[PDB]
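Below: one structure, written as structure tokens.
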4 protein chains.
Amino acid sequence: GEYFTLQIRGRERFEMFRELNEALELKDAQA
Amino acid sequence: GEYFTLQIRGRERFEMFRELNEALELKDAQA
Amino acid sequence: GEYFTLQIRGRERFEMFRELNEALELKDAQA
Amino acid sequence: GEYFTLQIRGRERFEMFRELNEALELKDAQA
């Protein structure tokens, strides 16, 4: 369990990955 | 709100997308 | 190497995964 | 066109996003 940084270039593509990470984070917030 | 099919070639890559869809689906199952 | 189907519900989210698959497919088209 | 950082927790999940970003980056390297 470690923390990694994902620096991507652009703006819209970064939002796509942000959505996939938004649901995963929701898993940790499944209370 | 419609249903779309994503047919990908390979096997491991398909699992990656499956994980991103596993959390999104978890959002719908946030009960 | 097999073919799998990824049926997702919604419309915008499907586009996100479509982009990640658009680049991967571009890898196979790296000629 | 800007640069954003995606800090995710874990280790395997970060690899998944790294793959989707590996192909996108390959698009910029389509020479």
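Order determines the names: the first chain of the structure tokens is A, the second B, and so forth; residues in each chain are numbered 1 upward, and ligands are numbered 1 upward as they are shown.
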
Taking a cut-off of 12 Å and counting only C-alpha atoms, can you build a table that, for each residue of chain C near stretch 11-22 of chain A, reports the nearest atom pair and how far apart they are in Å (one decimal), sorted by chain then residue number, as JSON lines?
{"residue": "C:12", "atom": "CA", "partner": "A:16", "partner_atom": "CA", "distance": 9.9}
{"residue": "C:13", "atom": "CA", "partner": "A:19", "partner_atom": "CA", "distance": 8.2}
{"residue": "C:14", "atom": "CA", "partner": "A:16", "partner_atom": "CA", "distance": 10.5}
{"residue": "C:15", "atom": "CA", "partner": "A:16", "partner_atom": "CA", "distance": 9.0}
{"residue": "C:16", "atom": "CA", "partner": "A:16", "partner_atom": "CA", "distance": 5.5}
{"residue": "C:17", "atom": "CA", "partner": "A:16", "partner_atom": "CA", "distance": 8.1}
{"residue": "C:18", "atom": "CA", "partner": "A:16", "partner_atom": "CA", "distance": 10.2}
{"residue": "C:19", "atom": "CA", "partner": "A:13", "partner_atom": "CA", "distance": 8.2}
{"residue": "C:20", "atom": "CA", "partner": "A:16", "partner_atom": "CA", "distance": 8.7}
{"residue": "C:22", "atom": "CA", "partner": "A:13", "partner_atom": "CA", "distance": 11.8}
{"residue": "C:23", "atom": "CA", "partner": "A:13", "partner_atom": "CA", "distance": 11.2}

Using every C-alpha atom paired in order, could you least-squares fit chain B onto chain A and give me the moved chain as an mmCIF file with N, CA and C atoms, in the first residue's frame?
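result00.cif written:
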data_model
loop_
_atom_site.group_PDB
_atom_site.id
_atom_site.type_symbol
_atom_site.label_atom_id
_atom_site.label_comp_id
_atom_site.auth_asym_id
_atom_site.auth_seq_id
_atom_site.Cartn_x
_atom_site.Cartn_y
_atom_site.Cartn_z
ATOM 1 N N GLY B 1 0.866 -1.215 -0.015
ATOM 2 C CA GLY B 1 0.004 0.000 -0.025
ATOM 3 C C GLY B 1 0.884 1.251 -0.020
ATOM 4 N N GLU B 2 1.089 1.847 -1.162
ATOM 5 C CA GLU B 2 1.938 3.069 -1.221
ATOM 6 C C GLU B 2 1.206 4.163 -1.998
ATOM 7 N N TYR B 3 1.777 5.332 -2.073
ATOM 8 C CA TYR B 3 1.115 6.439 -2.818
ATOM 9 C C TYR B 3 1.936 6.772 -4.065
ATOM 10 N N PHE B 4 1.300 6.841 -5.203
ATOM 11 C CA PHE B 4 2.044 7.159 -6.455
ATOM 12 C C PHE B 4 1.427 8.394 -7.118
ATOM 13 N N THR B 5 2.201 9.115 -7.883
ATOM 14 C CA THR B 5 1.667 10.333 -8.563
ATOM 15 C C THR B 5 1.524 10.060 -10.060
ATOM 16 N N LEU B 6 0.419 10.436 -10.644
ATOM 17 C CA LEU B 6 0.247 10.215 -12.102
ATOM 18 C C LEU B 6 0.130 11.581 -12.778
ATOM 19 N N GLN B 7 1.217 12.098 -13.274
ATOM 20 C CA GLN B 7 1.176 13.424 -13.935
ATOM 21 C C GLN B 7 0.887 13.229 -15.423
ATOM 22 N N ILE B 8 -0.261 13.658 -15.871
ATOM 23 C CA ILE B 8 -0.609 13.484 -17.308
ATOM 24 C C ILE B 8 -0.681 14.845 -17.996
ATOM 25 N N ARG B 9 -0.373 14.890 -19.263
ATOM 26 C CA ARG B 9 -0.435 16.181 -19.999
ATOM 27 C C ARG B 9 -1.805 16.303 -20.664
ATOM 28 N N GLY B 10 -2.302 17.497 -20.807
ATOM 29 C CA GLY B 10 -3.636 17.670 -21.444
ATOM 30 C C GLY B 10 -4.612 18.250 -20.421
ATOM 31 N N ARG B 11 -5.864 17.899 -20.520
ATOM 32 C CA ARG B 11 -6.862 18.426 -19.549
ATOM 33 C C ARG B 11 -8.083 17.508 -19.529
ATOM 34 N N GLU B 12 -8.609 17.179 -20.678
ATOM 35 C CA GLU B 12 -9.800 16.284 -20.721
ATOM 36 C C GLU B 12 -9.382 14.862 -20.337
ATOM 37 N N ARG B 13 -8.332 14.358 -20.928
ATOM 38 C CA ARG B 13 -7.880 12.980 -20.590
ATOM 39 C C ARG B 13 -7.693 12.867 -19.075
ATOM 40 N N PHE B 14 -7.097 13.856 -18.466
ATOM 41 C CA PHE B 14 -6.891 13.805 -16.992
ATOM 42 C C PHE B 14 -8.244 13.626 -16.304
ATOM 43 N N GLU B 15 -9.279 14.220 -16.837
ATOM 44 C CA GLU B 15 -10.620 14.072 -16.208
ATOM 45 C C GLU B 15 -11.066 12.614 -16.324
ATOM 46 N N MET B 16 -10.794 11.989 -17.440
ATOM 47 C CA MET B 16 -11.193 10.565 -17.613
ATOM 48 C C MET B 16 -10.623 9.738 -16.468
ATOM 49 N N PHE B 17 -9.339 9.774 -16.313
ATOM 50 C CA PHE B 17 -8.684 9.009 -15.230
ATOM 51 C C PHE B 17 -9.247 9.446 -13.885
ATOM 52 N N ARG B 18 -9.542 10.699 -13.762
ATOM 53 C CA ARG B 18 -10.103 11.221 -12.485
ATOM 54 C C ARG B 18 -11.428 10.515 -12.185
ATOM 55 N N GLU B 19 -12.196 10.212 -13.198
ATOM 56 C CA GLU B 19 -13.495 9.518 -12.964
ATOM 57 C C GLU B 19 -13.222 8.092 -12.488
ATOM 58 N N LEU B 20 -12.350 7.392 -13.160
ATOM 59 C CA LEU B 20 -12.035 6.001 -12.739
ATOM 60 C C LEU B 20 -11.530 6.025 -11.293
ATOM 61 N N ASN B 21 -10.813 7.055 -10.932
ATOM 62 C CA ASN B 21 -10.285 7.160 -9.550
ATOM 63 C C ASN B 21 -11.386 7.683 -8.628
ATOM 64 N N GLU B 22 -12.388 8.303 -9.187
ATOM 65 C CA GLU B 22 -13.500 8.835 -8.350
ATOM 66 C C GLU B 22 -14.329 7.664 -7.818
ATOM 67 N N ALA B 23 -14.540 6.662 -8.626
ATOM 68 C CA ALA B 23 -15.326 5.482 -8.166
ATOM 69 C C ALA B 23 -14.459 4.643 -7.233
ATOM 70 N N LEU B 24 -13.233 4.395 -7.603
ATOM 71 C CA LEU B 24 -12.350 3.598 -6.709
ATOM 72 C C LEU B 24 -12.357 4.257 -5.328
ATOM 73 N N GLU B 25 -12.169 5.547 -5.296
ATOM 74 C CA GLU B 25 -12.185 6.269 -3.999
ATOM 75 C C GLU B 25 -13.559 6.075 -3.357
ATOM 76 N N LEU B 26 -14.589 5.960 -4.156
ATOM 77 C CA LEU B 26 -15.937 5.757 -3.587
ATOM 78 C C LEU B 26 -15.963 4.396 -2.892
ATOM 79 N N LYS B 27 -15.194 3.475 -3.389
ATOM 80 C CA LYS B 27 -15.136 2.130 -2.757
ATOM 81 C C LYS B 27 -14.624 2.288 -1.336
ATOM 82 N N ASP B 28 -13.589 3.054 -1.178
ATOM 83 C CA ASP B 28 -13.030 3.279 0.182
ATOM 84 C C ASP B 28 -14.055 4.050 1.016
ATOM 85 N N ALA B 29 -14.951 4.738 0.364
ATOM 86 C CA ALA B 29 -15.986 5.516 1.103
ATOM 87 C C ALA B 29 -17.311 4.755 1.084
ATOM 88 N N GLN B 30 -17.259 3.457 1.043
ATOM 89 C CA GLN B 30 -18.518 2.663 1.012
ATOM 90 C C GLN B 30 -19.029 2.455 2.441
ATOM 91 N N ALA B 31 -19.330 3.520 3.134
ATOM 92 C CA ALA B 31 -19.832 3.386 4.530
ATOM 93 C C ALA B 31 -21.339 3.651 4.555
#

Determine which residues of chain A receive a DSSP assignment of helix (DSSP H, G or I), computed from the backbone, and state them as a PyMOL selection string.
-> chain A and resi 12-28
